[PDB]
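For reference, the structure is listed below as structure tokens.
Just the heavy atoms: all of them, side chains too, but no hydrogens, waters or symmetry mates, feed the values below. Each chain gets a letter, A, B and so on, in the order its sequence line appears, and its residues count up from 1.
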Protein chains: 2
Amino acid sequence: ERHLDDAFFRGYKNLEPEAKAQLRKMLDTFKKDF
Amino acid sequence: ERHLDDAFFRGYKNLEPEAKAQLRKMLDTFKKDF
């Protein structure tokens with residue numbers, strides 16, 4: 001769990017800004033699906 | 001930049017595990033698109 005999550009965050013921070021923005025948009029889609 | 005990213009990580013950690021897995025899959029899709 002924690003190691004998968006911390007590696008994910010490091011990978012996310014290595015993405016181009018436009019790709020990071022798309023991951024943030026996906027997160028919002030999950031949050032707003034209720 | 002940093003504040004958007006840190007808030008994103010906190011939001012990601014609050015998702016259900018199955019949703020977190022989908023965000024990790026999206027990250028891999030960006031990484032493998034070269």
Side-chain angles (χ1 to χ4, degrees):
Chain A
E1 224 186 304
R2 193 182 55 71
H3 282 129
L4 292 177
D5 290 349
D6 286 342
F8 166 74
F9 190 44
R10 171 115 130 66
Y12 157 91
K13 286 189 286 193
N14 289 340
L15 291 175
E16 297 303 316
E18 58 267 34
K20 295 170 68 187
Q22 288 306 311
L23 267 65
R24 294 199 301 278
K25 186 183 142 107
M26 186 184 192
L27 168 63
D28 195 62
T29 296
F30 278 113
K31 290 165 64 72
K32 300 313 185 35
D33 190 60
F34 60 94
Chain B
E1 224 186 304
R2 193 182 55 71
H3 282 129
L4 292 177
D5 290 349
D6 286 342
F8 166 74
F9 190 44
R10 171 115 130 66
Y12 157 91
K13 286 189 286 193
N14 289 340
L15 291 175
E16 297 303 316
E18 58 267 34
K20 295 170 68 187
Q22 288 306 311
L23 267 65
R24 294 199 301 278
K25 186 183 142 107
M26 186 184 192
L27 168 63
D28 195 62
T29 296
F30 278 113
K31 290 165 64 72
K32 300 313 185 35
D33 190 60
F34 60 94

What donor-acceptor contacts under 3.5 angstrom involve side-chain atoms of residues 26-34 of chain A, with partners at least two apart or in another chain?
unit_1, atom_1, unit_2, atom_2, d
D28(A), OD1, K32(A), NZ, 3.3
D28(A), OD2, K32(A), NZ, 3.3
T29(A), OG1, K25(A), O, 3.2

Side-chain donor-acceptor distances from residues 10-18 of chain B under 3.5 Å, at least two apart:
unit_1, atom_1, unit_2, atom_2, d
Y12(B), OH, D5(A), OD1, 2.7
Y12(B), OH, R24(B), NH1, 3.0
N14(B), ND2, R10(B), O, 3.4

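Listed by chain and number, the residues in a salt bridge (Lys or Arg N to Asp or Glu O under 4.0 Å) with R2(B) are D6(B) (sequence neighbours excluded).
Think of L4(B) as one node in a network of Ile, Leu, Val, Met, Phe, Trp and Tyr side chains linked at under 4.5 Å; it has no links at all.
Relative ring orientation between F8(B) and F8(A) is described as tilted, the plane-to-plane angle lying within the 30° to 60° band.
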